[PDB]
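S.K.: My structure is stored as my_file-v1.cif, with mmCIF, N, CA and C atoms.
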```
data_entry
#
loop_
_atom_site.group_PDB
_atom_site.id
_atom_site.type_symbol
_atom_site.label_atom_id
_atom_site.label_comp_id
_atom_site.auth_asym_id
_atom_site.auth_seq_id
_atom_site.Cartn_x
_atom_site.Cartn_y
_atom_site.Cartn_z
ATOM 1 N N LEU A 2115 -91.443 183.503 -44.783
ATOM 2 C CA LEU A 2115 -91.639 184.893 -44.381
ATOM 3 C C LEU A 2115 -90.481 185.384 -43.521
ATOM 4 N N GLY A 2116 -90.036 184.560 -42.572
ATOM 5 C CA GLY A 2116 -88.927 184.949 -41.720
ATOM 6 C C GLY A 2116 -87.626 185.114 -42.477
ATOM 7 N N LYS A 2117 -87.425 184.317 -43.529
ATOM 8 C CA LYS A 2117 -86.192 184.422 -44.305
ATOM 9 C C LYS A 2117 -86.021 185.812 -44.910
ATOM 10 N N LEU A 2118 -87.122 186.532 -45.148
ATOM 11 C CA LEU A 2118 -87.030 187.821 -45.836
ATOM 12 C C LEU A 2118 -86.249 188.855 -45.035
ATOM 13 N N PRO A 2119 -86.647 189.215 -43.808
ATOM 14 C CA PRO A 2119 -85.826 190.172 -43.046
ATOM 15 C C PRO A 2119 -84.409 189.681 -42.813
ATOM 16 N N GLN A 2120 -84.238 188.381 -42.565
ATOM 17 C CA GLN A 2120 -82.897 187.827 -42.418
ATOM 18 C C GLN A 2120 -82.098 187.997 -43.702
ATOM 19 N N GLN A 2121 -82.731 187.745 -44.850
ATOM 20 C CA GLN A 2121 -82.045 187.914 -46.125
ATOM 21 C C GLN A 2121 -81.630 189.364 -46.334
ATOM 22 N N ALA A 2122 -82.521 190.308 -46.022
ATOM 23 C CA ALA A 2122 -82.183 191.720 -46.185
ATOM 24 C C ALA A 2122 -81.028 192.118 -45.275
ATOM 25 N N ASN A 2123 -81.064 191.676 -44.016
ATOM 26 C CA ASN A 2123 -79.988 192.009 -43.090
ATOM 27 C C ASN A 2123 -78.663 191.414 -43.547
ATOM 28 N N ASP A 2124 -78.679 190.159 -44.004
ATOM 29 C CA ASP A 2124 -77.452 189.539 -44.493
ATOM 30 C C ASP A 2124 -76.926 190.261 -45.726
ATOM 31 N N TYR A 2125 -77.826 190.675 -46.621
ATOM 32 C CA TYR A 2125 -77.409 191.436 -47.792
ATOM 33 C C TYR A 2125 -76.747 192.744 -47.384
ATOM 34 N N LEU A 2126 -77.330 193.445 -46.411
ATOM 35 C CA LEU A 2126 -76.724 194.685 -45.937
ATOM 36 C C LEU A 2126 -75.356 194.424 -45.320
ATOM 37 N N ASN A 2127 -75.231 193.347 -44.541
ATOM 38 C CA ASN A 2127 -73.984 193.087 -43.828
ATOM 39 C C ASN A 2127 -72.865 192.678 -44.779
ATOM 40 N N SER A 2128 -73.166 191.811 -45.749
ATOM 41 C CA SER A 2128 -72.111 191.228 -46.573
ATOM 42 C C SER A 2128 -71.357 192.294 -47.359
ATOM 43 N N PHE A 2129 -72.074 193.261 -47.927
ATOM 44 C CA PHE A 2129 -71.483 194.289 -48.780
ATOM 45 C C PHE A 2129 -71.356 195.622 -48.055
ATOM 46 N N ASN A 2130 -70.906 195.591 -46.801
ATOM 47 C CA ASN A 2130 -70.801 196.795 -45.986
ATOM 48 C C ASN A 2130 -69.631 197.666 -46.428
ATOM 49 N N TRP A 2131 -69.394 198.764 -45.703
ATOM 50 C CA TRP A 2131 -68.382 199.732 -46.117
ATOM 51 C C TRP A 2131 -66.991 199.115 -46.182
ATOM 52 N N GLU A 2132 -66.772 197.989 -45.497
ATOM 53 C CA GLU A 2132 -65.457 197.356 -45.530
ATOM 54 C C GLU A 2132 -65.058 196.981 -46.951
ATOM 55 N N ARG A 2133 -65.925 196.251 -47.656
ATOM 56 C CA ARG A 2133 -65.624 195.860 -49.030
ATOM 57 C C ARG A 2133 -65.538 197.080 -49.937
ATOM 58 N N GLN A 2134 -66.391 198.077 -49.694
ATOM 59 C CA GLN A 2134 -66.369 199.279 -50.519
ATOM 60 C C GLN A 2134 -65.022 199.982 -50.419
ATOM 61 N N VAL A 2135 -64.493 200.127 -49.203
ATOM 62 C CA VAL A 2135 -63.204 200.794 -49.051
ATOM 63 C C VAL A 2135 -62.061 199.882 -49.477
ATOM 64 N N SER A 2136 -62.246 198.562 -49.417
ATOM 65 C CA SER A 2136 -61.246 197.667 -49.992
ATOM 66 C C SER A 2136 -61.113 197.901 -51.494
ATOM 67 N N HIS A 2137 -62.248 197.987 -52.190
ATOM 68 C CA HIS A 2137 -62.209 198.286 -53.618
ATOM 69 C C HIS A 2137 -61.710 199.703 -53.878
ATOM 70 N N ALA A 2138 -62.024 200.643 -52.985
ATOM 71 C CA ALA A 2138 -61.490 201.995 -53.116
ATOM 72 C C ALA A 2138 -59.970 201.995 -53.006
ATOM 73 N N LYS A 2139 -59.423 201.188 -52.096
ATOM 74 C CA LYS A 2139 -57.974 201.073 -51.982
ATOM 75 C C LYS A 2139 -57.374 200.375 -53.194
ATOM 76 N N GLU A 2140 -58.089 199.414 -53.780
ATOM 77 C CA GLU A 2140 -57.639 198.841 -55.046
ATOM 78 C C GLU A 2140 -57.547 199.920 -56.123
ATOM 79 N N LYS A 2141 -58.572 200.768 -56.209
ATOM 80 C CA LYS A 2141 -58.563 201.852 -57.186
ATOM 81 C C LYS A 2141 -57.432 202.836 -56.906
ATOM 82 N N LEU A 2142 -57.183 203.130 -55.629
ATOM 83 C CA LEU A 2142 -56.091 204.032 -55.277
ATOM 84 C C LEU A 2142 -54.734 203.423 -55.604
ATOM 85 N N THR A 2143 -54.586 202.107 -55.445
ATOM 86 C CA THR A 2143 -53.363 201.443 -55.884
ATOM 87 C C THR A 2143 -53.195 201.559 -57.392
ATOM 88 N N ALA A 2144 -54.285 201.380 -58.142
ATOM 89 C CA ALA A 2144 -54.220 201.581 -59.587
ATOM 90 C C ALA A 2144 -53.782 203.003 -59.914
ATOM 91 N N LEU A 2145 -54.325 203.985 -59.192
ATOM 92 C CA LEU A 2145 -53.890 205.369 -59.362
ATOM 93 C C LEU A 2145 -52.403 205.517 -59.070
ATOM 94 N N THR A 2146 -51.929 204.864 -58.009
ATOM 95 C CA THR A 2146 -50.527 204.974 -57.622
ATOM 96 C C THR A 2146 -49.611 204.374 -58.679
ATOM 97 N N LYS A 2147 -50.055 203.311 -59.351
ATOM 98 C CA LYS A 2147 -49.242 202.659 -60.374
ATOM 99 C C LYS A 2147 -49.860 202.767 -61.761
ATOM 100 N N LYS A 2148 -51.100 202.310 -61.941
ATOM 101 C CA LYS A 2148 -51.639 202.170 -63.290
ATOM 102 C C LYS A 2148 -51.872 203.521 -63.955
ATOM 103 N N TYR A 2149 -52.213 204.547 -63.182
ATOM 104 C CA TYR A 2149 -52.459 205.872 -63.736
ATOM 105 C C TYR A 2149 -51.207 206.740 -63.769
ATOM 106 N N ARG A 2150 -50.055 206.202 -63.379
ATOM 107 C CA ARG A 2150 -48.792 206.912 -63.500
ATOM 108 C C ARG A 2150 -48.127 206.588 -64.833
ATOM 109 N N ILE A 2151 -47.455 207.591 -65.390
ATOM 110 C CA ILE A 2151 -46.696 207.449 -66.625
ATOM 111 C C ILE A 2151 -45.231 207.294 -66.245
ATOM 112 N N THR A 2152 -44.637 206.170 -66.634
ATOM 113 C CA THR A 2152 -43.241 205.899 -66.315
ATOM 114 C C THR A 2152 -42.347 206.795 -67.162
ATOM 115 N N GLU A 2153 -41.841 207.875 -66.559
ATOM 116 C CA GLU A 2153 -40.928 208.756 -67.277
ATOM 117 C C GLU A 2153 -39.703 208.001 -67.772
ATOM 118 N N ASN A 2154 -39.344 206.903 -67.102
ATOM 119 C CA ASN A 2154 -38.219 206.096 -67.561
ATOM 120 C C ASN A 2154 -38.485 205.527 -68.948
ATOM 121 N N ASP A 2155 -39.691 205.000 -69.175
ATOM 122 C CA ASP A 2155 -40.040 204.512 -70.506
ATOM 123 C C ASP A 2155 -40.053 205.651 -71.517
ATOM 124 N N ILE A 2156 -40.511 206.831 -71.099
ATOM 125 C CA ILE A 2156 -40.520 207.988 -71.990
ATOM 126 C C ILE A 2156 -39.105 208.298 -72.461
ATOM 127 N N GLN A 2157 -38.163 208.371 -71.519
ATOM 128 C CA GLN A 2157 -36.786 208.685 -71.880
ATOM 129 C C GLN A 2157 -36.140 207.551 -72.664
ATOM 130 N N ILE A 2158 -36.510 206.300 -72.376
ATOM 131 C CA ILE A 2158 -35.985 205.179 -73.150
ATOM 132 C C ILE A 2158 -36.439 205.278 -74.598
ATOM 133 N N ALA A 2159 -37.713 205.607 -74.820
ATOM 134 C CA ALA A 2159 -38.201 205.783 -76.185
ATOM 135 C C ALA A 2159 -37.513 206.961 -76.866
ATOM 136 N N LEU A 2160 -37.324 208.062 -76.135
ATOM 137 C CA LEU A 2160 -36.628 209.210 -76.706
ATOM 138 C C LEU A 2160 -35.214 208.835 -77.129
ATOM 139 N N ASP A 2161 -34.499 208.099 -76.275
ATOM 140 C CA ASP A 2161 -33.137 207.696 -76.601
ATOM 141 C C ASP A 2161 -33.107 206.679 -77.733
ATOM 142 N N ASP A 2162 -34.116 205.811 -77.821
ATOM 143 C CA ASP A 2162 -34.191 204.888 -78.950
ATOM 144 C C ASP A 2162 -34.365 205.646 -80.259
ATOM 145 N N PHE B 2307 -23.555 216.866 -98.559
ATOM 146 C CA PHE B 2307 -24.522 217.082 -97.490
ATOM 147 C C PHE B 2307 -24.044 216.521 -96.157
ATOM 148 N N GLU B 2308 -22.777 216.109 -96.063
ATOM 149 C CA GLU B 2308 -22.272 215.546 -94.815
ATOM 150 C C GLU B 2308 -22.328 216.570 -93.688
ATOM 151 N N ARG B 2309 -21.945 217.817 -93.974
ATOM 152 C CA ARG B 2309 -22.112 218.878 -92.988
ATOM 153 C C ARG B 2309 -23.582 219.062 -92.640
ATOM 154 N N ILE B 2310 -24.455 219.010 -93.649
ATOM 155 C CA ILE B 2310 -25.889 219.089 -93.394
ATOM 156 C C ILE B 2310 -26.333 217.923 -92.522
ATOM 157 N N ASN B 2311 -25.794 216.728 -92.780
ATOM 158 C CA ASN B 2311 -26.159 215.566 -91.976
ATOM 159 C C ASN B 2311 -25.746 215.749 -90.519
ATOM 160 N N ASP B 2312 -24.533 216.253 -90.284
ATOM 161 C CA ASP B 2312 -24.083 216.473 -88.912
ATOM 162 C C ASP B 2312 -24.920 217.544 -88.221
ATOM 163 N N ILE B 2313 -25.248 218.620 -88.942
ATOM 164 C CA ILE B 2313 -26.081 219.670 -88.364
ATOM 165 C C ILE B 2313 -27.455 219.119 -88.010
ATOM 166 N N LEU B 2314 -28.017 218.278 -88.882
ATOM 167 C CA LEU B 2314 -29.306 217.663 -88.590
ATOM 168 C C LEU B 2314 -29.213 216.740 -87.382
ATOM 169 N N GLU B 2315 -28.110 216.003 -87.252
ATOM 170 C CA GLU B 2315 -27.922 215.156 -86.077
ATOM 171 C C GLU B 2315 -27.920 215.991 -84.803
ATOM 172 N N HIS B 2316 -27.180 217.102 -84.813
ATOM 173 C CA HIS B 2316 -27.132 217.965 -83.636
ATOM 174 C C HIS B 2316 -28.500 218.569 -83.338
ATOM 175 N N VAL B 2317 -29.223 218.987 -84.380
ATOM 176 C CA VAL B 2317 -30.545 219.573 -84.181
ATOM 177 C C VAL B 2317 -31.505 218.535 -83.614
ATOM 178 N N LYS B 2318 -31.417 217.295 -84.096
ATOM 179 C CA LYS B 2318 -32.252 216.227 -83.558
ATOM 180 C C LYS B 2318 -31.932 215.974 -82.093
ATOM 181 N N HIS B 2319 -30.644 215.964 -81.741
ATOM 182 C CA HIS B 2319 -30.268 215.809 -80.340
ATOM 183 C C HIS B 2319 -30.872 216.923 -79.493
ATOM 184 N N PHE B 2320 -30.759 218.167 -79.965
ATOM 185 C CA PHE B 2320 -31.296 219.294 -79.211
ATOM 186 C C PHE B 2320 -32.806 219.185 -79.055
ATOM 187 N N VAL B 2321 -33.508 218.814 -80.126
ATOM 188 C CA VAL B 2321 -34.962 218.708 -80.063
ATOM 189 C C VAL B 2321 -35.375 217.605 -79.098
ATOM 190 N N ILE B 2322 -34.695 216.457 -79.153
ATOM 191 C CA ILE B 2322 -35.029 215.355 -78.256
ATOM 192 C C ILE B 2322 -34.797 215.763 -76.808
ATOM 193 N N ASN B 2323 -33.680 216.441 -76.534
ATOM 194 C CA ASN B 2323 -33.414 216.886 -75.170
ATOM 195 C C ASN B 2323 -34.455 217.900 -74.709
ATOM 196 N N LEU B 2324 -34.834 218.835 -75.585
ATOM 197 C CA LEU B 2324 -35.828 219.839 -75.217
ATOM 198 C C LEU B 2324 -37.174 219.196 -74.912
ATOM 199 N N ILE B 2325 -37.610 218.259 -75.755
ATOM 200 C CA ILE B 2325 -38.874 217.571 -75.507
ATOM 201 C C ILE B 2325 -38.794 216.775 -74.213
ATOM 202 N N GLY B 2326 -37.665 216.100 -73.983
ATOM 203 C CA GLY B 2326 -37.488 215.375 -72.737
ATOM 204 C C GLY B 2326 -37.589 216.270 -71.519
ATOM 205 N N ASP B 2327 -37.083 217.501 -71.622
ATOM 206 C CA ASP B 2327 -37.129 218.428 -70.499
ATOM 207 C C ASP B 2327 -38.549 218.851 -70.148
ATOM 208 N N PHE B 2328 -39.494 218.730 -71.081
ATOM 209 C CA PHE B 2328 -40.861 219.194 -70.874
ATOM 210 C C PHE B 2328 -41.869 218.074 -71.104
ATOM 211 N N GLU B 2329 -41.511 216.843 -70.753
ATOM 212 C CA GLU B 2329 -42.428 215.729 -70.946
ATOM 213 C C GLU B 2329 -43.582 215.808 -69.952
ATOM 214 N N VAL B 2330 -44.781 215.473 -70.438
ATOM 215 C CA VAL B 2330 -45.985 215.562 -69.615
ATOM 216 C C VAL B 2330 -46.075 214.459 -68.574
ATOM 217 N N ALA B 2331 -45.222 213.436 -68.662
ATOM 218 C CA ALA B 2331 -45.298 212.330 -67.712
ATOM 219 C C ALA B 2331 -45.117 212.819 -66.281
ATOM 220 N N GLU B 2332 -44.165 213.726 -66.060
ATOM 221 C CA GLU B 2332 -43.993 214.302 -64.731
ATOM 222 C C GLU B 2332 -45.245 215.052 -64.294
ATOM 223 N N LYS B 2333 -45.850 215.814 -65.210
ATOM 224 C CA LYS B 2333 -47.072 216.537 -64.878
ATOM 225 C C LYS B 2333 -48.194 215.578 -64.501
ATOM 226 N N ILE B 2334 -48.343 214.483 -65.250
ATOM 227 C CA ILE B 2334 -49.396 213.520 -64.946
ATOM 228 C C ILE B 2334 -49.141 212.851 -63.601
ATOM 229 N N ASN B 2335 -47.884 212.504 -63.312
ATOM 230 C CA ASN B 2335 -47.568 211.913 -62.015
ATOM 231 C C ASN B 2335 -47.897 212.878 -60.884
ATOM 232 N N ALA B 2336 -47.550 214.154 -61.055
ATOM 233 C CA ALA B 2336 -47.888 215.151 -60.047
ATOM 234 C C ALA B 2336 -49.397 215.265 -59.879
ATOM 235 N N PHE B 2337 -50.142 215.219 -60.987
ATOM 236 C CA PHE B 2337 -51.596 215.302 -60.903
ATOM 237 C C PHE B 2337 -52.179 214.106 -60.158
ATOM 238 N N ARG B 2338 -51.657 212.904 -60.418
ATOM 239 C CA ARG B 2338 -52.124 211.734 -59.680
ATOM 240 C C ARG B 2338 -51.817 211.876 -58.198
ATOM 241 N N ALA B 2339 -50.631 212.392 -57.871
ATOM 242 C CA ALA B 2339 -50.318 212.666 -56.474
ATOM 243 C C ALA B 2339 -51.356 213.605 -55.871
ATOM 244 N N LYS B 2340 -51.620 214.727 -56.549
ATOM 245 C CA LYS B 2340 -52.603 215.692 -56.063
ATOM 246 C C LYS B 2340 -53.953 215.031 -55.829
ATOM 247 N N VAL B 2341 -54.368 214.161 -56.750
ATOM 248 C CA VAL B 2341 -55.620 213.432 -56.573
ATOM 249 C C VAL B 2341 -55.557 212.584 -55.311
ATOM 250 N N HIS B 2342 -54.404 211.964 -55.056
ATOM 251 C CA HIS B 2342 -54.249 211.170 -53.841
ATOM 252 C C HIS B 2342 -54.468 212.022 -52.596
ATOM 253 N N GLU B 2343 -53.798 213.177 -52.519
ATOM 254 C CA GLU B 2343 -53.970 214.005 -51.326
ATOM 255 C C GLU B 2343 -55.400 214.513 -51.216
ATOM 256 N N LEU B 2344 -56.033 214.847 -52.343
ATOM 257 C CA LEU B 2344 -57.411 215.328 -52.291
ATOM 258 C C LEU B 2344 -58.344 214.247 -51.753
ATOM 259 N N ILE B 2345 -58.193 213.017 -52.252
ATOM 260 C CA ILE B 2345 -59.043 211.920 -51.799
ATOM 261 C C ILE B 2345 -58.828 211.662 -50.315
ATOM 262 N N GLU B 2346 -57.568 211.640 -49.875
ATOM 263 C CA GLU B 2346 -57.302 211.388 -48.463
ATOM 264 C C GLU B 2346 -57.775 212.543 -47.587
ATOM 265 N N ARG B 2347 -57.771 213.764 -48.122
ATOM 266 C CA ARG B 2347 -58.168 214.938 -47.356
ATOM 267 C C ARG B 2347 -59.678 215.007 -47.173
ATOM 268 N N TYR B 2348 -60.445 214.715 -48.221
ATOM 269 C CA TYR B 2348 -61.894 214.852 -48.152
ATOM 270 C C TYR B 2348 -62.585 213.581 -47.666
ATOM 271 N N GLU B 2349 -61.820 212.541 -47.335
ATOM 272 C CA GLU B 2349 -62.275 211.458 -46.465
ATOM 273 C C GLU B 2349 -63.531 210.771 -47.009
ATOM 274 N N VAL B 2350 -63.365 210.108 -48.155
ATOM 275 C CA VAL B 2350 -64.452 209.309 -48.711
ATOM 276 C C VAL B 2350 -64.771 208.129 -47.798
ATOM 277 N N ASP B 2351 -63.742 207.547 -47.173
ATOM 278 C CA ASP B 2351 -63.948 206.365 -46.342
ATOM 279 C C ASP B 2351 -64.863 206.668 -45.161
ATOM 280 N N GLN B 2352 -64.660 207.812 -44.504
ATOM 281 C CA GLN B 2352 -65.543 208.186 -43.404
ATOM 282 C C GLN B 2352 -66.969 208.382 -43.899
ATOM 283 N N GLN B 2353 -67.128 208.970 -45.085
ATOM 284 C CA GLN B 2353 -68.465 209.183 -45.626
ATOM 285 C C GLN B 2353 -69.177 207.856 -45.853
ATOM 286 N N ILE B 2354 -68.485 206.883 -46.451
ATOM 287 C CA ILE B 2354 -69.122 205.593 -46.706
ATOM 288 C C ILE B 2354 -69.408 204.868 -45.394
#
```
Kindly present the structure from the file in structure tokens form.
M.R.:
Amino acid sequence: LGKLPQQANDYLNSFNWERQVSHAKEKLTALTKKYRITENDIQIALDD
Amino acid sequence: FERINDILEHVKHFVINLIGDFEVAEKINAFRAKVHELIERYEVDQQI
């Protein structure tokens, strides 16, 4: 019975806003690089 | 058709340069930038 509130509190603590914003920063890094189109490759293909 | 071939070469050069001048890659990069400023401005991290 005691493990239940402890389990809920640990579940809340482990996945707190820290990890959420860490993954948000991962997504923002993807935006900074993965969602950018390399105009250099565009011009290389045009010149090819 | 050698004159025709040279004219086609010049026209292809002009078309490639014109398309290069208006490539959407720059627009997409600018849009990703705008998304970055919007996300940082409306402060998702504080909300979470």
S.K.: Could you list, with a cut-off of 8 Å and counting all atoms listed in the file, the residues of chain A near range 2332-2347 of chain B, each shown with its nearest atom pair and the distance in Å rounded to one decimal, rows sorted by chain and ascending number, as CSV?
M.R.:
```
residue,atom,partner,partner_atom,distance
A:2142,CA,B:2342,CA,7.5
A:2145,C,B:2338,CA,6.3
A:2146,N,B:2338,C,7.0
A:2149,C,B:2334,C,6.5
A:2150,CA,B:2335,CA,5.4
A:2151,N,B:2335,N,5.4
A:2152,C,B:2332,N,7.2
A:2153,CA,B:2332,N,6.1
```
S.K.: I would like the residues chosen by the PyMOL selection byres (((chain B and resi 2354 and name CA) around 8) and name CA) on the shown file; could you give them as a list in words?
M.R.: residues 2131, 2134 and 2135 of chain A; 2350, 2351, 2352 and 2353 of chain B
S.K.: Report, in Å with one decimal, the straight-line distance from CA of residue 2318 in chain B to CA of residue 2162 in chain A.
M.R.: 12.4 Å
S.K.: Among chain A, which ones does DSSP assign to alpha helix (DSSP H) (computed from the backbone)? Answer as a VMD selection string.
M.R.: chain A and resid 2117 to 2128 2131 to 2147 2153 to 2161
S.K.: Those same residues - N, CA and C atoms - I'd like them written as an mmCIF file, keeping the file's coordinate frame.
M.R.:
```
data_model
loop_
_atom_site.group_PDB
_atom_site.id
_atom_site.type_symbol
_atom_site.label_atom_id
_atom_site.label_comp_id
_atom_site.auth_asym_id
_atom_site.auth_seq_id
_atom_site.Cartn_x
_atom_site.Cartn_y
_atom_site.Cartn_z
ATOM 1 N N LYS A 2117 -87.425 184.317 -43.529
ATOM 2 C CA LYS A 2117 -86.192 184.422 -44.305
ATOM 3 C C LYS A 2117 -86.021 185.812 -44.910
ATOM 4 N N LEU A 2118 -87.122 186.532 -45.148
ATOM 5 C CA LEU A 2118 -87.030 187.821 -45.836
ATOM 6 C C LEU A 2118 -86.249 188.855 -45.035
ATOM 7 N N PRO A 2119 -86.647 189.215 -43.808
ATOM 8 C CA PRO A 2119 -85.826 190.172 -43.046
ATOM 9 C C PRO A 2119 -84.409 189.681 -42.813
ATOM 10 N N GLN A 2120 -84.238 188.381 -42.565
ATOM 11 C CA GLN A 2120 -82.897 187.827 -42.418
ATOM 12 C C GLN A 2120 -82.098 187.997 -43.702
ATOM 13 N N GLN A 2121 -82.731 187.745 -44.850
ATOM 14 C CA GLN A 2121 -82.045 187.914 -46.125
ATOM 15 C C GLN A 2121 -81.630 189.364 -46.334
ATOM 16 N N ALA A 2122 -82.521 190.308 -46.022
ATOM 17 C CA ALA A 2122 -82.183 191.720 -46.185
ATOM 18 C C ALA A 2122 -81.028 192.118 -45.275
ATOM 19 N N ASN A 2123 -81.064 191.676 -44.016
ATOM 20 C CA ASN A 2123 -79.988 192.009 -43.090
ATOM 21 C C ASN A 2123 -78.663 191.414 -43.547
ATOM 22 N N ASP A 2124 -78.679 190.159 -44.004
ATOM 23 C CA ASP A 2124 -77.452 189.539 -44.493
ATOM 24 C C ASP A 2124 -76.926 190.261 -45.726
ATOM 25 N N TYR A 2125 -77.826 190.675 -46.621
ATOM 26 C CA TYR A 2125 -77.409 191.436 -47.792
ATOM 27 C C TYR A 2125 -76.747 192.744 -47.384
ATOM 28 N N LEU A 2126 -77.330 193.445 -46.411
ATOM 29 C CA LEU A 2126 -76.724 194.685 -45.937
ATOM 30 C C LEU A 2126 -75.356 194.424 -45.320
ATOM 31 N N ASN A 2127 -75.231 193.347 -44.541
ATOM 32 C CA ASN A 2127 -73.984 193.087 -43.828
ATOM 33 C C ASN A 2127 -72.865 192.678 -44.779
ATOM 34 N N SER A 2128 -73.166 191.811 -45.749
ATOM 35 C CA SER A 2128 -72.111 191.228 -46.573
ATOM 36 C C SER A 2128 -71.357 192.294 -47.359
ATOM 37 N N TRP A 2131 -69.394 198.764 -45.703
ATOM 38 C CA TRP A 2131 -68.382 199.732 -46.117
ATOM 39 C C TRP A 2131 -66.991 199.115 -46.182
ATOM 40 N N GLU A 2132 -66.772 197.989 -45.497
ATOM 41 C CA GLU A 2132 -65.457 197.356 -45.530
ATOM 42 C C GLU A 2132 -65.058 196.981 -46.951
ATOM 43 N N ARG A 2133 -65.925 196.251 -47.656
ATOM 44 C CA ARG A 2133 -65.624 195.860 -49.030
ATOM 45 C C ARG A 2133 -65.538 197.080 -49.937
ATOM 46 N N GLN A 2134 -66.391 198.077 -49.694
ATOM 47 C CA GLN A 2134 -66.369 199.279 -50.519
ATOM 48 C C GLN A 2134 -65.022 199.982 -50.419
ATOM 49 N N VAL A 2135 -64.493 200.127 -49.203
ATOM 50 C CA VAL A 2135 -63.204 200.794 -49.051
ATOM 51 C C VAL A 2135 -62.061 199.882 -49.477
ATOM 52 N N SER A 2136 -62.246 198.562 -49.417
ATOM 53 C CA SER A 2136 -61.246 197.667 -49.992
ATOM 54 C C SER A 2136 -61.113 197.901 -51.494
ATOM 55 N N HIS A 2137 -62.248 197.987 -52.190
ATOM 56 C CA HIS A 2137 -62.209 198.286 -53.618
ATOM 57 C C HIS A 2137 -61.710 199.703 -53.878
ATOM 58 N N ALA A 2138 -62.024 200.643 -52.985
ATOM 59 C CA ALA A 2138 -61.490 201.995 -53.116
ATOM 60 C C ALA A 2138 -59.970 201.995 -53.006
ATOM 61 N N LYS A 2139 -59.423 201.188 -52.096
ATOM 62 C CA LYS A 2139 -57.974 201.073 -51.982
ATOM 63 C C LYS A 2139 -57.374 200.375 -53.194
ATOM 64 N N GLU A 2140 -58.089 199.414 -53.780
ATOM 65 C CA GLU A 2140 -57.639 198.841 -55.046
ATOM 66 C C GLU A 2140 -57.547 199.920 -56.123
ATOM 67 N N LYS A 2141 -58.572 200.768 -56.209
ATOM 68 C CA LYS A 2141 -58.563 201.852 -57.186
ATOM 69 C C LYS A 2141 -57.432 202.836 -56.906
ATOM 70 N N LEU A 2142 -57.183 203.130 -55.629
ATOM 71 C CA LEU A 2142 -56.091 204.032 -55.277
ATOM 72 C C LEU A 2142 -54.734 203.423 -55.604
ATOM 73 N N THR A 2143 -54.586 202.107 -55.445
ATOM 74 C CA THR A 2143 -53.363 201.443 -55.884
ATOM 75 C C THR A 2143 -53.195 201.559 -57.392
ATOM 76 N N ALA A 2144 -54.285 201.380 -58.142
ATOM 77 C CA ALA A 2144 -54.220 201.581 -59.587
ATOM 78 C C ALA A 2144 -53.782 203.003 -59.914
ATOM 79 N N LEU A 2145 -54.325 203.985 -59.192
ATOM 80 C CA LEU A 2145 -53.890 205.369 -59.362
ATOM 81 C C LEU A 2145 -52.403 205.517 -59.070
ATOM 82 N N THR A 2146 -51.929 204.864 -58.009
ATOM 83 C CA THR A 2146 -50.527 204.974 -57.622
ATOM 84 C C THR A 2146 -49.611 204.374 -58.679
ATOM 85 N N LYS A 2147 -50.055 203.311 -59.351
ATOM 86 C CA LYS A 2147 -49.242 202.659 -60.374
ATOM 87 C C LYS A 2147 -49.860 202.767 -61.761
ATOM 88 N N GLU A 2153 -41.841 207.875 -66.559
ATOM 89 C CA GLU A 2153 -40.928 208.756 -67.277
ATOM 90 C C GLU A 2153 -39.703 208.001 -67.772
ATOM 91 N N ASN A 2154 -39.344 206.903 -67.102
ATOM 92 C CA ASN A 2154 -38.219 206.096 -67.561
ATOM 93 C C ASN A 2154 -38.485 205.527 -68.948
ATOM 94 N N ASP A 2155 -39.691 205.000 -69.175
ATOM 95 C CA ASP A 2155 -40.040 204.512 -70.506
ATOM 96 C C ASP A 2155 -40.053 205.651 -71.517
ATOM 97 N N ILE A 2156 -40.511 206.831 -71.099
ATOM 98 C CA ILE A 2156 -40.520 207.988 -71.990
ATOM 99 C C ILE A 2156 -39.105 208.298 -72.461
ATOM 100 N N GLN A 2157 -38.163 208.371 -71.519
ATOM 101 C CA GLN A 2157 -36.786 208.685 -71.880
ATOM 102 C C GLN A 2157 -36.140 207.551 -72.664
ATOM 103 N N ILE A 2158 -36.510 206.300 -72.376
ATOM 104 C CA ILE A 2158 -35.985 205.179 -73.150
ATOM 105 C C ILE A 2158 -36.439 205.278 -74.598
ATOM 106 N N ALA A 2159 -37.713 205.607 -74.820
ATOM 107 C CA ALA A 2159 -38.201 205.783 -76.185
ATOM 108 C C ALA A 2159 -37.513 206.961 -76.866
ATOM 109 N N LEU A 2160 -37.324 208.062 -76.135
ATOM 110 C CA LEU A 2160 -36.628 209.210 -76.706
ATOM 111 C C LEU A 2160 -35.214 208.835 -77.129
ATOM 112 N N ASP A 2161 -34.499 208.099 -76.275
ATOM 113 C CA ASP A 2161 -33.137 207.696 -76.601
ATOM 114 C C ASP A 2161 -33.107 206.679 -77.733
#
```
S.K.: One number please: CA of residue 2159 in chain A to CA of residue 2323 in chain B, in Å, one decimal.
M.R.: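 If I compute the distance from CA of residue 2159 in chain A to CA of residue 2323 in chain B, I get 12.1 Å.
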S.K.: What is the atom C of residue 2141 in chain A to atom N of residue 2155 in chain A distance in Å?
M.R.: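 Separation between atom C of residue 2141 in chain A and atom N of residue 2155 in chain A: 21.7 Å.
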